[PDB]
Each structure stands twice: as structure tokens, then as C-alpha cells.
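Chain and residue survey
The chain contents come next:
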Amino acid sequence: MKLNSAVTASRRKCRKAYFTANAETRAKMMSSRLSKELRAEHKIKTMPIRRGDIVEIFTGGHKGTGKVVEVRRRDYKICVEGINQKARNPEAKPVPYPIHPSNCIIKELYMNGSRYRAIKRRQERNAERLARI
Amino acid sequence: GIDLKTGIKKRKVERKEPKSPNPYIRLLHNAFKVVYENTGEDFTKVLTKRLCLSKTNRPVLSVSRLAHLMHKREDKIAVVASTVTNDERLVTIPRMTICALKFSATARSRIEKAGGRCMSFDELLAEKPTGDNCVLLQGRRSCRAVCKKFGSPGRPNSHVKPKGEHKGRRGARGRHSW
Amino acid sequence: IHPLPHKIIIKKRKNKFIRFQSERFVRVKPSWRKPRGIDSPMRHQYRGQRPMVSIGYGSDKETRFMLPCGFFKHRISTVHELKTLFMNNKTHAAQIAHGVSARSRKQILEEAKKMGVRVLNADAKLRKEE
Amino acid sequence: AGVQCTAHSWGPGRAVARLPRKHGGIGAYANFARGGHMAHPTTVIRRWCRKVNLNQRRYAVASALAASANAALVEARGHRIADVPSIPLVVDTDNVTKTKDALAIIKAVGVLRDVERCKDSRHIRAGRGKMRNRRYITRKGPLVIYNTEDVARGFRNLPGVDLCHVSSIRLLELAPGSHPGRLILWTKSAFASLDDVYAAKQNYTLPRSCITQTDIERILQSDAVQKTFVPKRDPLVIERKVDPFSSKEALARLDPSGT
Amino acid sequence: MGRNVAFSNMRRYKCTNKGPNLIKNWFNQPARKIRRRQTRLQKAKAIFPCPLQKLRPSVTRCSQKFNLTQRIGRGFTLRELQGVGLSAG
Amino acid sequence: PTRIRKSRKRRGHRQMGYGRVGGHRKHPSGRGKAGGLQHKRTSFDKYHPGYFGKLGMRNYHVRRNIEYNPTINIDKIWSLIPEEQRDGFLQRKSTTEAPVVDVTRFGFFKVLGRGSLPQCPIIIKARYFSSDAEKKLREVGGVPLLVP
RNA sequence: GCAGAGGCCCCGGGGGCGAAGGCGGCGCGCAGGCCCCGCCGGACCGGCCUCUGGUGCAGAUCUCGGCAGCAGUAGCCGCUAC
RNA sequence: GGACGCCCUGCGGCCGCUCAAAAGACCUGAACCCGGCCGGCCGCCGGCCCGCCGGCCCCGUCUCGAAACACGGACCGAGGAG
């Protein structure tokens, strides 16, 4: 059970948080498990999804691997490259099938310079936790 | 079709069972009713019905009443279908066997200190079920304050008292007041 | 699949005791309601009126609740619940509940087949092979 | 609610009904009206809390604990007691600070089947209970009463297990559903201090024990009661009316000489 | 309906729907105990050695109904103080 | 509560137990105990004698503590002695050492004589005493005594 | 019978292998009602014990929403006119 | 959020497409009411193969007494009072 009474277990209040979250919270909420190779490399279980990330969806329709090309935060869904809806005619624009970030596992990350710093910041806080918090 | 109202005074309801949720009372009523059915003794019929009576019908008998009631017959076991409450006013209680549905803590101690026995209805059923050397004793049923105020205060032959303070002189100062 | 011999089931009224004036208006539903009006022809039971529900219409206690196959009904929802019918319920029979899915109905029916318990709805949801 | 509208009755003579109506004739301020006040609105002044005397609120706990000592009652309350070595069960358990270790004690003492029956039970409740923060229902199982131990940290997450200190035992935990017979795992310290808790209940004498149903059948079956029993007189033979005149034999029962 | 009924000494509810608010609900009881404990705990922390309560005298309960019992009173008289040789300060 | 109530069993019965000829109307007999000397005189006379009038001297402020006089009886003096103490006192008799019971300490001011003291000298200390109290107390051998 | 609460539903109640509901049709009950079956539907639902009620409709010139016959009816006849 | 083909002066039809499903401007889709096809001859209760015979005033309501030429009520759904 939860001993911090300051937090809410109300279905209505919690759902409002998800539906109406600030962008900075929406981004963390949209996170995906790193692959076991990346877990050994960066020593972090999950990273928030970015645009340039190779991802393997283990979902039911559209299971596959792809690089994210669009992150739609308002719908809370990401669009990898490759995974698309069936096209009515061959001569038509391909529509990406929106996939939940939770339905996919990251295979490669866009390291940037802020992402390197963020992995370091988390690694330090995780080490302090591992030292008997 | 059949005139069956000319001489019939109508069914009269009685407590054929104990309305008590208390298991022990239901278990003893069934126990003594089975005895009464098998052995048709008045003592077991009166006990069977006494167990089914309501709390208002069954008043407490004190250890000073039972002493006085059993003064001539200390040997006979005094069967009460309610609770024995001690009377501190009787400094010295005499020794007797008593069997009651309940006994107050002071009344269990006083009788035991005297050398008397506080038996229970289960012990009576085991030892003297039909009721040999036993007397069924009862408390005063009209002792209830509510019983005293039943009637029509204000009527000439009431001898009752009004419910509430009243504090006025009309009808209360005499047969001729009012 | 065969019950105890039993005594002929006699039903006092086949029809269902429709409420009064339920034919005239859709708003009055046919569920029986005691007629309770000052000038109610039904409550006065005048000639030609509908019949009135009474305990006289009650069926024989010995054959009451019995289904036309001579068996009584116990509504089973699981294979553990086939333990009521297992405890020597030679008189009763089993009905599987409507919620129970065809996956579970197959398991329940196999247990019943071993016990010899008769299942009233044994064709239910058996649509070809899933 | 229902009374912020300004509605006054249009009155007799407009071929309308006589209920309060607003400016356009919309019905208002009435239980039947849409947007009207309730006929008798709920109030917060209802008595929510009932009163129980200490003596009876101390009989309830004691009788519930007595039911816990009764395996038959504990099985009837739905607990899996087949492997539990004794009921009541007392287990020495130094502070257990890890759920894995707590489960290992539960597996050894045979309470695990009950702890599992709770885990598997997790389901979504039917009704608006789901909406009103009561979404998941899990069957209630072991109860761990503790004293002088930190066994709480270890058993808290276990599913269906509730933990209470001997000093403050709760009847609602003792009799979940108003049904006596919770499986209680007593820690050695708690069970050996139970008599101290009752002794420290000041002027309280535990309700005196009474007889059981089994003991009154034995007492009724005792020879003393059986000796008092007298054999009942033989009953009337009712028979059924027959026409005696037609049958020689039927007349013979009533008129032997004539036939 | 009547028969012998003691008459009521209850007063009719006043200001029931409009007025000062003459209803005190006690749902704030469990949480008032908590607030009051915390205030005492915080005041106690602010003066650790000092007790929260000052010594107050033993005084006879007033009236003939409680003459022979004693209760705590507001404070010591200046004669009681001179018996121990202590000024009011 | 609500489920096991009579008004739940009156559904479908219209009037709800109040009668066709005269139904539940608001305040048919009036509001309150109004009508005592007029329309309800029969009730206020049959069951309320003394309701109307004035009967005594009026004290503007009764002083509840000067008025309070608690009473004991010659029968309950010995229950005030602790039980372990009482038995020794009873056998010894001891005119030399008989148990003084200050009823004032136990909360009582006047000693009445409802029943009977045991036959052992006692000594009872009280603000006031009845006549048949002192007679019963002094027959037992005890002395009525007054305490400040 | 309804809607909620605390329990129970012997490996942990029933459910996309189809919930509630809707529509028809059996059965059972003196009846209030209950059950099942087919079909439509597309995520929830209970039996039993204990508990709580804003708990059951034919009426109120009842409220609000829909809507019939009337009825292809009465009418679309001020200001000269196309 | 409707592929393509066809016929349209066009409006729009059609075929089908996307989808698990049109769920197509929207979940389920009731009752009243209505149209096509399709039986039947017409309300209730009782008997029988089932259209004949026999019984059958309009309920609620106050009321001595209501089928009343007393009152309220077109219909249906939801809400609606110890």
C-alpha cells in the first residue's frame, strides 16, 4: 500500500493526470525498456523515447523493428518507420500506425549530448540507491 | 358454510420458543422441552416455558429473597430462570444450592463463600432433570417502574401517577379540583 | 441420464396469471399485481373476470420444482460446483450457467459424463468446432 | 440542490398542472420535476456511528478469538487449513524484514495454500465500486498477530495477509464479513502475552464458558435423564371411513354377530 | 398517538434553513485529537526539560456536595508561597 | 433498518396505512399539545392530572447544592465496610473497637432506618439521623455520632 | 426484486471460446419473479451469508423527452393585374 | 474518415472498399409510431385444433352507492411521493 497520503489513488484524479499532463511528464510517461545489450552498456532499465531511436515492437499487430520518425505526445503514441496501416491503393501516402511506447523495446538510442548527461545523472542516483539509500 | 364463530373465543398466542439470539438459552430450552416430552413432569413444563419468557417477564431474584424463600427448605435446590443478584444489605447469606440462568459476580462469590453451590441449568439437566428436591422460584414481575405507571392517572379510581412532572393544581389537588 | 420413477406432475393452471387490463394498455406490463381498487371488477371476482393468484393453485410439495424430465435443477457454473451433484444427488440434474464459455462447458460436460450427472443444456454454445 | 431556480406556481385556470413553474412554464422545485429538489434530501446529520458498550466490544473480540481456536469454524470461513500443523498456530519468527523470508515460513507452517488462494483471487469488482476507488477484490486469508517483532515489513506485501499488534486486536480483522474464524498466525511473543493483555483490561472478567450443543446431547443421552424418561402411551389408530354395509368383512369389524 | 405519553421538553428547531448555523457536526473529532496532540508535541519540543504543565494548587471542590474532595486550582496564594520562601516571580 | 420496516411493506397499497376516508393530512388535530382545555380535554384529564395551574411557592434561583441532601439506610451501613474487614468486625463484636463508619466520607449525609443493622456495635458518624435510625442503631449497641 | 458495502465461491467464482444489455422462444414457481436457449451486442458480471438505502409506478389538469390519429385535413381569399 | 469500376447533365445511385466490425458521423439501439413483404380477421377468460360456443361494462378515485350524462387519463419511455 502507499503510505504517502499526499499522493492520490483516486481513479478520477490519476486519470486526469495522465489525460492532462504537462509535456515534461508526458515525455517520461512515454518510456520504453532498453535492450539487454543497452542495459549492460548504460546500466539503466528504461529511457524516455526520442525521435531518432531504433525500436523493436513486441506488440500484436505491427510487431517489427523500426526507427521512430514522429512522437505524438498528445495521443501518447510514437510512429516508427516501416510500420504503417494497409493502403487502399498503391498510389497513396503511407499512414504510420501509431504504436504505444510501452509496447516496444529500444534497440538503439540517439545519444546527443544531453542524453549522455541524462544517462550519467541517472547512473549516479542509481549508484547512491544501490549504496543502501 | 360452517358457523364457527358462535362459541369460539379465538386463538391465543404464546411464546412456543425463546426469541433469544443467545445460543445457550435455545440449547437449554430444547434440552428441557425434550425431557418434558419424554417425561411429562410439571417441573419440566414450567421450566420449558419459563426459558421462553421475555426479560421483562423474568425478573432478578436477590440473594436475600432466595435466603428468605428457602429458609424452611435449605435442602431443596432453588431453581431461578433469571439472574441472582447479591443483596449487600444481607450481611450474612445462608448456604444453599442455587441454579440460575446467570449469577452476578458478587452473588457467585457470596454463595460460594457461604459453602453453597451455584449450579447451572446444564448441571440441573444432568443432575436433577425432572426436578427432584427442587423449587421453581420467581422474582416480582410488577417490580418494573413501567408497570407502576400503567393506567389512567386522573381517573378517580386509578391510584396511578402521571407520566411527567405536570406541576399544576387542576385534577391533582383533589377529587373536586377540576 | 434417467431419474427416480416419481409421481405424475399435475399443474393446476397452465396459463401464467396475467395482470388485469394488461391487454388494453402497453404501459400496464403483464406481471401479476393484486387488484387493489375500490370498484375493481377483478378484486370482486365477478363472473367473466381473469383468475386470481392464490395458494390453492400450489403444486404438490413432492413434485414441485421438478422439471418435465423428472429431475430437479441445480445451476452449476464450475467443475468444483459439480460437487453438489456429486454428493449422491441422484434426484437432481445440472444446468450450466449462461456466462460459462464453450471452453469451460466442454470441461464441465466431461466431468459430468464421468459422474453420470445429466446436463440439461448439453447442446448449448456447441457451434461446430472452435 | 433544486432550489436555486426561481419558480412559483402558475396556478389554477391555465390548463397546466399546479406545480411550481419557472418563467417559460418549465416545471421546477418538485421531486417529480426534472431539476427539482429531492422530496426529502439526504442530510449529513444522519447518525453514522452506532454505540457499543466496552464490555460487549470486549466480548466480541474474545468470542472471535475463541472461534479462531476452532478449526471447524476456521475451515468454514474459507481458509485452507489442511497443512497447518495446529489450530491455534503459534510460530517463532524473529523480526522478518524480507517478504521472501516471510513466505518461506508460511510454506513451512502450511499457511501458503491460503496465501495463494488470496493472490489468485485478485479480480475487478462488479458495479460502480470500480469507479469509486474499490476496483480490485482479493480474498482475505492469514492474519499475523505480533508483539516484540518487526514481522510487519515481511508479511505486509503478502496478498491477503493482515497484521495487528496484540495490544490492539481488531474485531473487523478477527471476523471478516461478520463471520467468526480468521486464520491467525500468532508469533510466540504475541500468543504468550495474550493473557497479560486480558489481565491489563482492568476490571474485566472474561465471559464465563457455557456448555456446547455436543455436551447437551451427551447430557441428554446420560442414563440419569434416560431413567426419568417414561414410555409414551400407544397412539390412536386413525384408519379411514369405509362403507361397512357392503362388505361382509367390513360389517364384521363393527358387527361381528350380524355377519 | 396519546395514551399515557410523557410530554416533550424539546424546543423547536430555530434557524433551520436560514440563519447563524445552529448545527455542530462532530466529524472533525478524530482529526481535532490529532491536531491537538501535534500542538502539544511541538510545544513540548520547544521546551524539552520544562514540563508543559505548571504546578497548580490542591483546592477543595466548591459546594457542600464535593466538600471533602480536592481538585487542581488556578494558582498558589502568596501565603502558601511565603511558607516555601518564594516570590511570585 | 430501512429494509425491515413497515412502510416498505405498504407499497402498492396507495394510502400507505392512513385510510381512504381520512388520509394523512398536515396537522389534523393541531400542532403541539394545543387543545388541552378545549378539543383534547378528554386526554389532558384522562392521563395528565395537574397539567394546568400553579401549585407552590416559587424560588427564583434554586441552589442545587444547598438543596442536595444524600441519604443512607441502617441496612446499607455495613456494605460500606470492606468485605474482608466486615467479617472480623462481626464475630468480635468489640464494644472497645467497633468500626466507625463516617457516611459523609462515602457521600451520604442523613442516616434513615429502612431495614436492620446486624447485631454488632457500630458507631455511625453523620450530619443528621432519623428517629427509628437512632433507635435501631442504639439497640444494636452502636452510638449515633455527628461529624463536622 | 433493485442498487451499493464486508465476506465466501477446495489449486481459487463466471467472461473476446463472448459481460451487461436488447429481441424472440421454452422450462420452473400460487405469484412477485427466476432460469436457460437461439439471435443481436461488444467488457464486464454475479450466487450465497452479513450489512446499508435517494429501493419496485398506470394514474397525480404529474415532470421532461419523443410522438400518433386528426391529415395530405384547416388553411396559404388586405393593399384592382397581369 | 470510405479503394476501384460502372451509370449519371448533374444531384447522386450501384458494385464494393478500409476495418475485427461499419461502428460511416457515429457504442448498445427499446417502447410508442410507421413502411415493404408475409400470414390472419380481429378484445379478455374458459373449452376444444382454433373459429365456434359460453362468460365478460372503464380503470384510478372520493363515495350510502360509479359503466356512469361525476372527475383525471391520446400513446410510449425515463424521473416521480413516509
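Reading the values: rules and limits
- Residues numbered from 1 in each chain as written, not as in the entry; some residues may be left out.
- Chains lettered and ligands numbered in written order.
- Part of a larger assembly, values for the part shown.
- Heavy atoms only, no water.
- UniProt positions renumbered as here; feature names shortened; annotations may be inferred.
- Helix = DSSP H or I, 4+ residues; strand = E, 2+ residues; numbered from the N terminus.
- Buried < 20%, exposed > 50% of the residue type's maximum accessible area, 1.4 Å probe, protein only.
- Contact = heavy atoms within 4.5 Å.
- Areas by Shrake-Rupley, 256 points an atom, 1.4 Å probe, with all protein chains shown as cover.
- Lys, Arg positive; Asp, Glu negative; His and termini not counted.
- Charge placed at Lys NZ, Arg CZ, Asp CG, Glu CD.
- 1 Å grid on protein atoms, 1.4 Å probe; cavity = no way out; pocket = protein on both sides within 12 Å on 5 of 7 lines; lining within 4 Å.
- Points joined across faces, edges and corners; volume = space filled by probe spheres on them.
- Nonpolar A, V, L, I, M, F, W, Y, C, P; charged D, E, K, R; others polar.
- Salt bridge = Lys/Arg side-chain N within 4 Å of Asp/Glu carboxyl O.
- Near = heavy atom within 4 Å.
- Polar contact = N/O pair within 3.5 Å; in protein donor to acceptor, adjacent residues only side chain to side chain.
- Axes fitted to C-alpha atoms, helices over the stretch in contact; angles between N-to-C directions.
- Parallel < 35°, antiparallel > 145°, perpendicular 65-115°, else oblique.
- Left-handed = near helix turned anticlockwise from the far one by under 90°.

This deposited entry lists cryo-EM as its structure determination method and 3.25 Å as its resolution.

The name recorded for chain E in the PDB entry is Ribosomal protein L13, from Giardia lamblia ATCC 50803.

Per the PDB entry, chain A is named Ribosomal protein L26, and its organism is Giardia lamblia ATCC 50803. Listed under Sequence similarities (unreviewed entry) in UniProt, the entry text for chain A is "Belongs to the universal ribosomal protein uL24 family."

**Observations regarding the overall build of chain A**
The number of helices and strands found in chain A is four helices and six strands. Listed N to C, the secondary structure of chain A is α-α-β-α-β-β-β-β-β-α in terms of helices and strands. Relative to its full complement of 133 residues, chain A shows a buried share of 29%. Sequence-distant contacts in chain A: of pairs separated by 6 or more residues, those separated by 24 or more amount to 51%. Carbon together with sulfur atoms contributes 52% to the accessible area of chain A, which is approximately 9700 Å² in total. Separation between the mean location of the 33 positive side-chain charges and that of the 12 negative ones in chain A comes to 9 Å.

**Quick look at empty space enclosed by the protein**
Empty space among the atoms becomes apparent when a probe as large as a water molecule is rolled across them. Residues and elements named next belong to chain B. Within this structure, the stated rule accounts for one cavity of 30 Å³ or more. By volume, the largest cavity is sized at about 60 Å³. For the lining of the largest cavity, the element with the most residues is strand β2 (residues 77-85), which contributes three residues. Taken together, the residues that form the lining of the largest cavity break down as five nonpolar, four polar and three charged.

**Examining the pattern of salt bridges**
Taken as a whole, this structure holds 24 salt bridges over all chains when the rule is applied. Note that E173 of chain D is salt-bridged to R170 of chain D, the shortest N-O span being 3.9 Å. Look at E173 of chain D and you get buried, because its relative accessible area is 11%. A salt bridge links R138 of chain F to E134 of chain F; its shortest N-O distance comes to 3.1 Å.

**Structural notes on the protein's contact with RNA strand G**
By nearness alone, 91 residues border RNA strand G, and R33 and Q95 of chain C together with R21, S121 and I124 of chain D come closest of all. In RNA strand G, the atoms that sit within 4 Å of the protein are 65% sugar and phosphate, with bases accounting for the remainder. Between RNA strand G and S31 of chain C there is a distance of 2.8 Å, counted from a phosphate oxygen to a side-chain nitrogen or oxygen. Take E75 of chain D: an N or O atom from its side chain is 3.4 Å from a base nitrogen of RNA strand G. Looking at the surface near RNA strand G residue by residue, the classes come out as 29 nonpolar, 27 polar and 35 charged.

**A closer look at helix α2 (residues 42-52) of chain B**
Every buried residue of α2 of chain B is listed here: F43, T44, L47, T48, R50, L51 and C52 of chain B. For α2 of chain B, the elements touching its buried residues are α1 (23-38), β2, β3 (97-103), α5 (121-127) and β5 (134-137) of chain B.

**As for the packing of α1 of chain B against α2 of chain B**
All names here are of chain B. The N-to-C vectors of α1 and α2 enclose an angle of 155°; their axes lie 9 Å apart at closest approach. Between α1 and α2, the interaxial angle falls into the category roughly antiparallel. Here α1 and α2 pass one another in a crossing that is left-handed. Taken together, the residues of α2 that come into contact with α1 (itself represented by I25, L28, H29, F32, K33, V35 and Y36) are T44, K45, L47, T48, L51 and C52. Along the lines of polarity and charge, the residues of the contact of α1 with α2 split into eight nonpolar, three polar and two charged.

**Focus: the side chain of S121 of chain D**
Residue and element names in this part refer to chain D. With respect to the secondary-structure elements, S121 resides in helix α5 (residues 112-121). Since its relative accessible area comes to 11%, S121 is described here as buried. Discounting chain neighbours no more than four positions away, the residues touching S121 are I137, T138 and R139.

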